[PDB]
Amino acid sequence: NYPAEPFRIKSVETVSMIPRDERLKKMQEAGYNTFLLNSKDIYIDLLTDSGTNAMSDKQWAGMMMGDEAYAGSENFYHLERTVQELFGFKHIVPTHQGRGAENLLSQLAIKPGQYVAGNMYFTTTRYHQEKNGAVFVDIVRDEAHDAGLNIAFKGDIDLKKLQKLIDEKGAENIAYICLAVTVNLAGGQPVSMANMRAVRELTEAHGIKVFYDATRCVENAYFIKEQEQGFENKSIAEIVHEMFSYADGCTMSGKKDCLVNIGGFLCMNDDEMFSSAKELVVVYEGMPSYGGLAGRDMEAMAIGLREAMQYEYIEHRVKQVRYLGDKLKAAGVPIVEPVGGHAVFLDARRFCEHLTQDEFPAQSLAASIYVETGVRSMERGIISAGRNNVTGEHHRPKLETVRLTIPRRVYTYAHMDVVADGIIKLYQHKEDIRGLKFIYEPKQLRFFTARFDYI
């Protein structure tokens, strides 16, 4: 049902809560954007599951054995063998984190004017694609855009949308297919192995490349083991290895499922693409032998990726998130369903019926959650969607959500109860939340440092 933690606590960090009066001044001080708050003032930090994970004693043992050589580091070799053994890719290039690998892939695989199609988008991934002259096309199934629809494997690619794209645009005009596991903006929804098989077969018949966004691939592997028929007897590692046999390469953010606080890499099977990747990584990240990472960080990521394959760890990871969602749903709190592997998304539209999407209710619901509970959450709605490049209007996604993101191995069920009990109490008087308007907007990726004012 809900298993206990498959580990012990080795070391702790103390937390505290500042009074609601100070919390209100802090939200004022931060311009009503949860990204501009101070960490010391936060009790439970659910802003992101990225780089906020607790490492194990074995990883920390690896941190003491950092081989910091510019080339030929033992840590690089360990990370290389581990990725080749668990993912199965021929070549491996470390990067400082995920978007570093995306910068390389977009410059290597995109010709200006070509199309890139994926199962929904991500903010940094789509930026690098559009910066290199590509046009993004969403080919996820339509059900992934409906927050309340509770169906399995929402992240799957609509094979008919992919087929119509190939026919209308031509295979030569498609740079590659970008398959993300899991799909972050849909709520952390998994992709089925059958879908990855079908995508591989269809793209291979037209010579189209397929690259994975493997950021949360282990959470995706758990959903396959739990809910896809024919995989209940497969280990997590066997499932992960088979997932990547249907791809030509991948970008990875170790900061998620590799259980580290920094790190990423780029994988590929093609030798010419690997030759050009080594030329480019030196410009932006560093030598191909460390890729903008200290040796101790390559070591921690190599160990963390192997620890992520333990079934009990990933089962507890996902079911802890599920416990938070089941407790909120049992009280009537509207959430995205089904709950994903890394976070619970509060539906701000149903939570703030009085607010409109132009009044930015998700950004305002996140502010209220910290004031009332001392929990930091992230806005995942129209503000994160950005503006259309040609028209200049808001991108309006159906999903206007507030993301409660769970770092791996950091919090307990008692912490989830604190989050749930506080949100449930806020739900009783959800009418008191005010709408917001821009006072400072960045030109790109505005949600990071955008300052708002109440309407």
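Residue numbers run from 1 along the displayed sequence.
Mean CA B-factor, 69-77 versus 222-230: the higher value falls on 222-230. Averaged over their C-alpha atoms, the temperature factors of 381-389 and 241-249 are higher for 381-389. Within the selection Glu359, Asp213, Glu85, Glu285, the deposited Cα B-factor values reach their highest point at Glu359. Sorting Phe89, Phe153, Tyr313, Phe351 by the CA temperature factor given in the entry leaves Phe351 at the top. When all modelled residues of the chain are sorted by CA temperature factor, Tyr32 is found within the highest third. Compared with the other modelled residues of the chain, the Cα B-factor recorded for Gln428 ranks in the highest third. Per the PDB record, residue ranking by Cα B-factor puts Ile335 in the middle third of the chain.
Per the deposited record, the Cα B-factor of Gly263 falls in the lowest third when ranked against the other modelled residues of its chain. Ranked by C-alpha B-factor against the other modelled residues of its chain, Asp57 falls in the lowest third.
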